[PDB]
Amino acid sequence: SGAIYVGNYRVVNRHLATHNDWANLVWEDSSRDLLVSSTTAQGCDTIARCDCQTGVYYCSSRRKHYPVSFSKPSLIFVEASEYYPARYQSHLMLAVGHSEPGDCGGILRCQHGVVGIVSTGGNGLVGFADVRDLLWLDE
Ligand SMILES: Cn1cc(CC(=O)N2C[C@@H](C(N)=O)C[C@H]3C[C@H]32)cn1
Ligand SMILES: [Zn+2]
């Protein structure tokens, strides 16, 4: 679990979105595993605007933060789950690191701010849904 709070928006993994998230829906994209809902309170997370390939993510299944090198956002094949059929997930970045399904929602940050959230995992690879291209999150 986990979310990004920026301005009047809440960014979560689409597969973990609540009834409240869907009732205040702003935007969602199944191909990216993202959902953004509106909030009443103000968010102060800074979204990174960059091409960094190094950062730190939070891993709840280890209660630890790990530094990682990660790939450029791209279309990557992802296995079927109770949430999606087998498909290409877009805007996904991979890194060598530990993750388990409940780790979804952990933030990846670089020196510029929030880069994305944990979304996929398996075989010692962790995948993060990028949010740096969503320029409207700031305005
Ligand atoms: C962080 N993490 C996720 C997994 C499994 C995994 O790859 N998943 C894929 C995800 C998706 N974006 O399609 C849906 C849920 C089932 C999860 C393992 N560690
Ligand atoms: Zn950066």
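Residues numbered from 1 in each chain as written, not as in the entry; some residues may be left out. Chains lettered and ligands numbered in written order. Heavy atoms only, no water.

(A) Looking closely at the sheet that holds strand β7 (residues 87-96). In space, the seven strands of this open sheet follow the order β5-β4-β8-β9-β10-β7-β6, with antiparallel pairing throughout. Across the chains shown, the open sheet's two edge strands, defined by having one partner strand only, are β5 (64-69) and β6 (74-78). Each neighbouring strand pair of the sheet contributes to a mean axis angle of 50°, computed without reference to strand direction. Where strand β9 (residues 113-122) lies against strand β10 (residues 125-130), six bridges are found, and the strand directions are antiparallel. Within the sheet, the bridge partner assigned to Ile 117 lies in β10 and is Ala 129. (Pairing = 2+ DSSP bridges. Helix = DSSP H or I, 4+ residues; strand = E, 2+ residues; numbered from the N terminus. Axes fitted to C-alpha atoms, helices over the stretch in contact; angles between N-to-C directions.)

(B) Seen up close, the nonpolar core. Counting 14 residues, the largest nonpolar core has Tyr 57, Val 68, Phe 70, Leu 108, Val 115 and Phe 128 as its most contacted members. Secondary-structure elements contributing two or more residues to this core are β4 (54-59), β7, β8 (107-110), β9 and β10. Ignoring sequence-local partners within four residues, the contact set of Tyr 57 consists of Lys 64, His 65, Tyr 66, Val 68, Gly 97, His 98, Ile 107, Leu 108, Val 118, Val 126 and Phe 128. Counting residues in hydrophobic clusters, the runner-up holds 13 residues, among them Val 36, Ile 107, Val 114 and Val 131. (Core = buried A, V, L, I, M, F, W, Y, C linked by side-chain atoms within 4.5 Å. Buried < 20%, exposed > 50% of the residue type's maximum accessible area, 1.4 Å probe, protein only. Contact = heavy atoms within 4.5 Å.)

(C) Just the domain arrangement of the protein, in detail. Each assigned domain of the protein is listed with its residue range as follows: domain 1 (3-44) and domain 2 (45-139). A C-alpha centroid distance of 16 Å is found between domain 1 and domain 2. Taken together, the contacts link 21 residues of domain 1 with 25 residues of domain 2. Summed over both partners, the interface of domain 1 with domain 2 comes to about 1,900 Å²; 60% of that surface belongs to carbon and sulfur atoms. Together, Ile 4, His 15 and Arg 32 form the three largest contributors to the area buried by domain 1 at its contact with domain 2, with a combined 35%. Seen at the junction of domain 1 and domain 2, the total is one salt bridge. Among the ionic pairs, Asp 133 bridges to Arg 32, the shortest N-O distance being 2.7 Å. In this structure, the connection of domain 1 to domain 2 is made through 11 residue pairs in polar contact. Where the side of domain 1 that touches domain 2 is concerned, the elements lending two or more residues are β1 (4-13), β2 (25-29) and β3 (34-44). Of all the elements, β1 adds the most residues to the side of domain 1 that touches domain 2, at seven residues. Here the side of domain 1 that touches domain 2 is composed, by residue class, of 13 nonpolar, five polar and three charged. (Domains from an automatic or database assignment. Buried area = accessible area lost by both parts, 1.4 Å probe. Salt bridge = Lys/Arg side-chain N within 4 Å of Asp/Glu carboxyl O. Polar contact = N/O pair within 3.5 Å; in protein donor to acceptor, adjacent residues only side chain to side chain. Nonpolar A, V, L, I, M, F, W, Y, C, P; charged D, E, K, R; others polar.)

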